[PDB]
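Protein chains: 2
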Amino acid sequence: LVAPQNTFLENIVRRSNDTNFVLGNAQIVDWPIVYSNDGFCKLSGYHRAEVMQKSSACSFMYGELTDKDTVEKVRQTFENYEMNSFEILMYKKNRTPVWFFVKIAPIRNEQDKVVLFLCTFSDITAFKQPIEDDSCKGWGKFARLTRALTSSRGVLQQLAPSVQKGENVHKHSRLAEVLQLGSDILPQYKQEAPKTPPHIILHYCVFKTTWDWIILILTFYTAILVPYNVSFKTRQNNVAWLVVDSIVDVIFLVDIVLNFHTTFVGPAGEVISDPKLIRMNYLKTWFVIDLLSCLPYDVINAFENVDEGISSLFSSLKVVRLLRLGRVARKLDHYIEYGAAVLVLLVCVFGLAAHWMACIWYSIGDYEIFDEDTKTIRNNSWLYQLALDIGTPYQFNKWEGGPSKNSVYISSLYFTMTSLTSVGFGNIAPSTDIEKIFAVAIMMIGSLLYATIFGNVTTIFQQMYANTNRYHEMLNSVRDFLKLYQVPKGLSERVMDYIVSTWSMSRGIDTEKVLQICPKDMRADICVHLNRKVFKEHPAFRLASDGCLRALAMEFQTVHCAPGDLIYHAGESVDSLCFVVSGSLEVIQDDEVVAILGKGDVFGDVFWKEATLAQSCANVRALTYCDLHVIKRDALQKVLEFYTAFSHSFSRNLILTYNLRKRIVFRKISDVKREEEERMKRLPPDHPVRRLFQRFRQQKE
Amino acid sequence: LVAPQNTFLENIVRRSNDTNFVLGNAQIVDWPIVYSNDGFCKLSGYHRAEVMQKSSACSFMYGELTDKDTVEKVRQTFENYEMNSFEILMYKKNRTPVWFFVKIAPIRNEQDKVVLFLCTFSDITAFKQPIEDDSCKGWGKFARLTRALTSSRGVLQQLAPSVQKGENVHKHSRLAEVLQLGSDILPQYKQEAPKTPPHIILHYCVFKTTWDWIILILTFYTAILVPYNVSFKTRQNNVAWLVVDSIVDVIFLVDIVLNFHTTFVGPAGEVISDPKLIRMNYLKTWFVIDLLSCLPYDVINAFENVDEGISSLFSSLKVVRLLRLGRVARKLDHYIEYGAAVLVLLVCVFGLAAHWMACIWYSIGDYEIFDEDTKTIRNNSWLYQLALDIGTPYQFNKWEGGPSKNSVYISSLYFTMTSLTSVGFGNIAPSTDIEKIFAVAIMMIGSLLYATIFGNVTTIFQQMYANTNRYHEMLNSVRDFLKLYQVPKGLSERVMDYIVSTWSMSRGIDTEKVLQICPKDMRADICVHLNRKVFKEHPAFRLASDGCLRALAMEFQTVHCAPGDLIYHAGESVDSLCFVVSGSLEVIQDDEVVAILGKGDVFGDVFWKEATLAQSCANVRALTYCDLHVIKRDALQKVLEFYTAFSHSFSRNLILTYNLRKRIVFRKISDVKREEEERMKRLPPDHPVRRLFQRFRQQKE
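The listed protein sequences derive, respectively, from chains D and C. With the deposited numbering applied, the first sequence corresponds to residues 10 to 406, 412 to 696, 704 to 722, in that order. With the deposited numbering applied, the second sequence corresponds to residues 10 to 406, 412 to 696, 704 to 722, in that order.
In structure tokens:
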């Protein structure tokens with residue numbers, strides 16, 4: 010989410026440290042100036058526009074005291090493209106001769122070419138010999154030159170008055186700030202994305218995504234396992250549990266380390282990648298909590314110490330890595346956001362709450378069943394009830415254990431579960447006060463959890479139906495309109511066929527909306543792409559310029575059509591030129607076929623010549639599914655008159671297939687036979710019709 | 010929700026009591042008139058427009074009989090800004106000389122300045138000596154003057170014919186209505202919000218809001234506690250319950266008093282704050298109910314009287330303060346309305362209904378268990394069943415009590431609860447007829463309550479997803495369109511990058527919609543703010559007037575762009591001026607870099623000079639993320655020709671960085687070397710090409 014960016018001006022101005030620079034082209038003869046810094050503009054007194062395009066040699070800066078040897082040296086250093094520095098008198102706009110130190114640095118290109126020359130300048134007037142062509146006084150001229158030397162007199166040499174013979178180090182101090190420009194020359198005219206530090210890996214790499222999926226699976230597995238072991242306090246018989254616990258805790262610590270070594274996205278900035286601040290930000294935000302939550306705290310339980318009862322609660326506290334997950338959810342859900350991702354999040358929280366409240370019901374029962382050394386059986390307890398139900402009742406002499419831990423686990427799970435979805439079988443009763451308060455807490459939280467899933471599942475029916483409903487409402491309105499206004503079957507089915515076909519090919523595409531969203535130049539490129547067919551195939555466009563091509567692409571509109579469609583009916587005013595790129599067309603003149611139109615054909619009229627609109631002499635009808643491109647007369651004329659140069663070539667190259675303004679005369683064989691046989695079968706009062714004949718002859722004259 | 014308002018005209022006209030007044034400026038020499046009342050307009054006969062801007066001295070009113078002493082007195086009283094009153098003959102528009110009483114009152118300003126002079130006038134003709142320059146008759150002139158004196162003859166002196174020598178009090182009666190104007194002078198030209206009475210406190214103060222939160226918590230606590238004590242009829246063992254009950258009832262009475270002393274909002278008026286009506290409105294609407302509901306009625310139970318069984322039902326009746334809360338809800342919910350406030354309202358009504366129906370189930374059981382002195386155990390009762398289930402069965406000799419009240423409370427709560435959410439454990443059965451009807455009532459109301467929460471929770475998924483769905487549908491349509499029309503990868507990713515970046519930076523912002531919602535002047539201010547950058551930094555605008563600045567701000571449009579974007583391709587018609595405020599730009603001429611554009615640069619053409627559009631000679635492309643401001647030629651020309659004065663300064667100050675109409679010529683070093691080595695390696706039939714050469718020379722001539 011970043012563009013190949015160029016930063017040369019900002020980089021060079023920031024590296025300059027209040028110095029000045031001038032830029033000029035390398036490959037053009039005499040190397041014209043392409044840029045001048047504001048500092049140079051003010052130092053020379055000449056404006057940027059008047060220094061623009063001038064020669065890099067700065068001959069326009071020269072004066073009588075300039076050195077032909079220096080001129081030759083700058084000339085040959087330009088012609089050989091090496092780094093150098095110089096010292097020479099130069100003339101300001103007031104034609105005051107003043108001293109200058111100069112350095113040159115041509116800049117290479119990413120293509121290993123060399124494109125640019127870079128210049129730097131500095132005053133040394135207050136330190137060189139005094140010179141004055143004309144002055145009010147020698148001391149006054151000295152003071153004025155020293156006050157002009159403020160650039161050197163500033164931070165670059167502010168310590169000078171505390172020392173003597175400072176010129177032994179002032180030259181090097183000035184030269185270092187220009188020698189630093191070698192780093193500025195590095196990008197070599199290239200515009201490119203900035204770099205990021207190593208050992209901090211981009212968060213969006215596929216390897217990091219599968220790492221995120223792995224830590225997902227790990228935290229889900231730990232959230233399963235933890236409440237089980239902590240509730241039942243089972244014996245550590247197989248070392249595998251401790252092995253898995255320690256490895257998964259250390260892999261979580263490594264995950265925290267990679268968050269400490271990975272890119273992060275902030276609300277105030279699209280990408281944040283500086284190690285010097287990302288680590289501290291991650292710390293101060295959430296890294297302290299991550300450290301508080303993700304260590305292998307079970308090592309304390311594995312070891313032995315005087316910390317009686319201190320470290321027990323670590324397991325549920327470290328389950329919370331689901332909260333790291335929830336922070337990641339903002340991104341990770343979007344891989345299934347299409348698909349209602351929250352469905353899995355629901356299922357997971359269901360399972361988690363079920364297991365949690367299973368262990369809670371177990372804990373309450375276990376705490377209640379025996380009344381300590383008082384030996385009160387408390388037969389009212391649910392666990393006693395289930396023990397007697399399943400058999401193997403308790404005994405004493412000593413105590414019998416009755417039910418087994420596995421069966422009792424599933425007992426608790428199943429009660430939690432039935433409470434969760436309100437089926438309430440009722441075989442296992444919450445007899446005691448605290449059992450029965452816990453029943454409050456569980457079924458309340460269950461109902462709140464329960465409402466959400468109905469909302470979630472309803473959230474998809476809009477997608478599943480509303481599009482069809484939009485189609486349905488337009489179709490129903492069309493039906494009512496069409497039937498209400500009594501359109502016969504032919505035109506009615508033509509209308510509905512057009513509606514259904516165009517809707518099938520379109521649906522949700524808003525092509526005009528996409529166009530107007532698109533910015534002007536990309537719009538130009540899109541329409542050029544869409545009219546590429548006619549542009550390449552028709553020879554009239556083989557000569558066009560890119561600008562006129564773009565404008566014509568804006569103007570062009572493409573029409574698909576069904577067979578039997580009538581494009582130009584007789585007597586209609588022709589106003590458009592049109593091309594055929596698919597299908598075929600036919601022309602009807604006086605109910606007679608006179609022309610057929612195929613691929614690549616173009617017909618219309620010479621608008622640029624006639625300049626007057628005319629009626630259509632014939633009818634043109636489709637016989638195939640055809641694609642056509644049409645152009646309006648006025649816009650075509652405007653583009654043509656703007657591009658007069660292309661206009662002449664376009665006029666002389668373009669030839670039409672048929673011209674709608676002209677028409678042909680003909681005779682039918684049947685009509686000729688009728689006339690011949692009528693002649694085979696074959704006036705003084707006709708003076709009025711003869712007068713009409715004479716009038717017609719005069720009009721035709 | 011009120012603006013700093015001015016009411017001087019309405020206030021003074023209402024205080025005037027049918028008198029007249031005239032206003033004039035204080036700080037302008039000769040004090041021109043700024044306003045004239047309609048009464049004065051009609052009394053003088055001169056129209057408002059012709060009296061406008063005239064001198065406050067009313068010299069244009071004067072006549073031969075006027076007094077130079079009075080003229081000097083009004084002059085010096087104006088020059089010294091004191092209050093005074095006067096009497097003088099003046100002339101009406103018909104040039105009839107008539108008597109006038111006059112009073113003057115300059116008005117101060119909120120800045121302790123003085124800005125305005127106020128005048129008042131009145132006729133005394135019928136009481137002063139008779140005067141007539143020319144008349145039909147003396148008695149007729151007397152009658153006409155008396156009929157002109159109707160202003161004094163009206164309500165100000167209507168009692169005069171019942172008295173004699175009334176002039177001893179008529180002057181004071183007239184003067185009082187003008188002396189009242191001192192209160193009218195109070196606001197001192199200031200426009201400000203009106204005042205509200207003390208001891209009635211604004212309802213929206215933060216202290217009042219936290220008071221509302223406190224009364225919320227109090228009524229919630231009382232609603233918890235009341236059905237418990239009233240159902241179980243527990244002994245009053247700790248005085249703390251009575252203490253809390255009495256303090257909370259009296260704090261509710263104090264709350265009712267503060268509603269009686271606080272602002273209230275009515276549908277017919279945005280703010281209602283008059284004590285003389287707000288108290289009565291609050292009374293007649295709801296204050297009678299508040300008094301009916303909020304007293305410490307438990308004092309009767311604490312005391313002793315012959316009122317056997319009268320005062321018991323007070324507690325549930327005073328719980329209803331949740332209805333005061335519900336009236337407040339219209340406002341109070343909106344602090345959590347963002348956040349689906351109704352969720353807490355649900356949770357609260359849940360808890361309330363649970364506890365209520367707990368106490369109801371308890372009441373039914375307690376009423377049923379024992380069949381009075383008949384000693385029928387009624388073992389069918391649910392409470393008997395639970396007693397035998399838990400143990401400690403009932404006994405007699412005398413009666414054993416069995417279950418304890420705490421356990422029985424939670425029993426009832428828990429049954430109500432399981433009935434509420436239909437889990438229906440079934441261990442506690444409604445055996446008896448009435449138990450079992452109550453089961454009807456509870457589970458019916460439970461299902462009605464239950465449906466609401468699903469609606470509530472579904473109400474959020476639109477917010478959670480529909481925005482993403484809008485983005486999804488446009489992206490899907492773009493994908494289908496782009497792939498269907500076979501755009502290569504380069505342009506395809508350019509398009510999708512533009513779409514996603516613009517959508518990320520925009521989302522729900524409809525900037526154009528905000529603009530068109532905004533009214534014209536604030537639109538002007540917004541665009542001035544947005545173009546402040548160019549306005550302040552570019553010297554050409556340092557001279558502009560506010561009106562032309564506003565119009566140009568309306569015209570300006572800003573464009574952000576990505577690197578590689580081509581603004582003006584070669585051969586395109588230049589029609590816009592444009593400025594650079596961010597990033598950098600580069601210019602390509604004949605595939606050669608010729609110019610670079612930086613911060614603050616401007617390029618285009620001199621439209622106001624050339625007046626003819628021209629094609630672009632070069633190409634300009636972006637290398638950085640850049641922000642630009644563009645101006646259309648036609649609107650710029652129109653604004654300039656309107657503001658001709660600024661036009662000359664703008665033309666003479668403005669200088670372009672590069673002009674698209676002009677172009678540069680150059681040569682390549684490689685091309686020069688090729689030509690030189692070709693010359694190192696180096704016509705009669707050429708007459709046709711020589712003729713072309715001669716034609717070219719003639720055309721260039």
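Using N, Cα and C, we set each Cβ at its ideal position, and we do this for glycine too.
Check whether the Cβ atoms of residue i and residue j lie closer than 9 Å to each other.
i: C:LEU331; j: C:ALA185; result: no
i: C:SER321; j: C:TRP370; result: no
i: C:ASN545; j: C:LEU566; result: yes
i: C:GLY440; j: C:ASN481; result: no
i: C:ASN46; j: C:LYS199; result: no
i: D:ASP264; j: D:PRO305; result: no
i: C:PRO236; j: C:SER302; result: no
i: D:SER53; j: D:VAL43; result: no
i: C:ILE281; j: C:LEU355; result: no
i: D:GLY469; j: C:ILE474; result: yes
Near residue i, what residues of its chain come up, given a Cβ to Cβ distance below 6 Å and the 5 sequence neighbours on each side ignored?
i: D:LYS646; result: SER590
i: D:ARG635; result: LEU580, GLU600
i: C:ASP619; result: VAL588, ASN673, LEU674, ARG675
i: D:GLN603; result: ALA632
i: C:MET457; result: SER433
Comparing alpha-carbon positions, which option in the options lies nearest residue i?
i: C:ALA628; options: D:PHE656, D:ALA628, D:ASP604; result: D:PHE656
i: C:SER144; options: C:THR105, C:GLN166, C:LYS180; result: C:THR105
i: C:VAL607; options: C:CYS592, C:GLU624, C:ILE260, C:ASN633; result: C:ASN633
i: D:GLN85; options: D:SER65, D:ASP264, D:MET70; result: D:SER65
i: residue 702 of chain D; options: D:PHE49, D:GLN500, D:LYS623, D:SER598; result: No coordinates are present for residue 702 of chain D, because the numbering of chain D runs from 696 directly to 704.
i: C:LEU32; options: C:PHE17, C:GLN167, C:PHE273; result: C:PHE17
i: D:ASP39; options: D:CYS357, D:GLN500, D:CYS67; result: D:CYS67
For the putative contact between residue i and residue j, defined by C-beta atoms under 8 Å, what is the C-beta separation to the nearest angstrom?
i: D:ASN34; j: D:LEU127; result: Not quite, the Cβ-Cβ distance comes to about 11 Å (not below 8 Å), so this is no contact.
i: D:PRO41; j: D:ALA202; result: Not really, about 31 Å apart at Cβ, beyond 8 Å.
i: D:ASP641; j: D:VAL595; result: 5 Å
i: D:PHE549; j: D:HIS643; result: In fact, because the Cβ distance is near 10 Å, the residues do not count as touching under 8 Å.
i: C:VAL111; j: C:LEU98; result: So it is not a contact: roughly 11 Å between Cβ atoms.
At a CB-CB cut-off below 8 Å, which residues of chain B make contact with residue i?
i: C:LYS682; result: Judged by its chain identifiers, the structure shown contains no chain B, and its protein chains are D and C.
Suppose the cutoff is 7 Å on Cβ atoms and the five residues either side in sequence are ignored; what does the same chain contact list for residue i look like?
i: C:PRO402; result: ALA396, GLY416
i: C:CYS532; result: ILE540
i: D:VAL653; result: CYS562, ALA565, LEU566, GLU569
Could you pull out every residue in the same chain whose Cβ sits closer than 8 Å to the Cβ of residue i, ignoring the five residues on either side in sequence?
i: D:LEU611; result: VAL594, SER598, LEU599, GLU600, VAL601, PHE617, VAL634, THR671, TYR672
i: D:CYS357; result: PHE229
With a threshold of 8 Å, are at least 3 pairs of Cβ atoms found where one atom belongs to the region 215-232 of chain D and the other to the region 325-341 of chain D? yes
Does the structure place the region 173-181 of chain C close enough to the region 231-251 of chain C that three or more beta carbon pairs sit under 8 Å? no
Inter-stretch contact at 8 Å, needing at least 3 Cβ pairs: the region 557-571 of chain D / the region 650-664 of chain D: yes
Taking contact to mean 3 or more Cβ pairs, one atom from each stretch, closer than 8 Å, check whether the region 373-390 of chain C and the region 489-498 of chain C are in contact. no
Any chance the region 73-87 of chain C sits against the region 144-162 of chain C, with 3 or more Cβ pairs inside 8 Å? no
Count the C-beta pairs between the region 358-366 of chain D and the region 452-463 of chain D that are closer than 8 Å, then say yes if the count reaches three, no if not. yes
Would the region 264-275 of chain D and the region 285-298 of chain D be scored as touching if the rule is three or more Cβ pairs under 8 Å? yes
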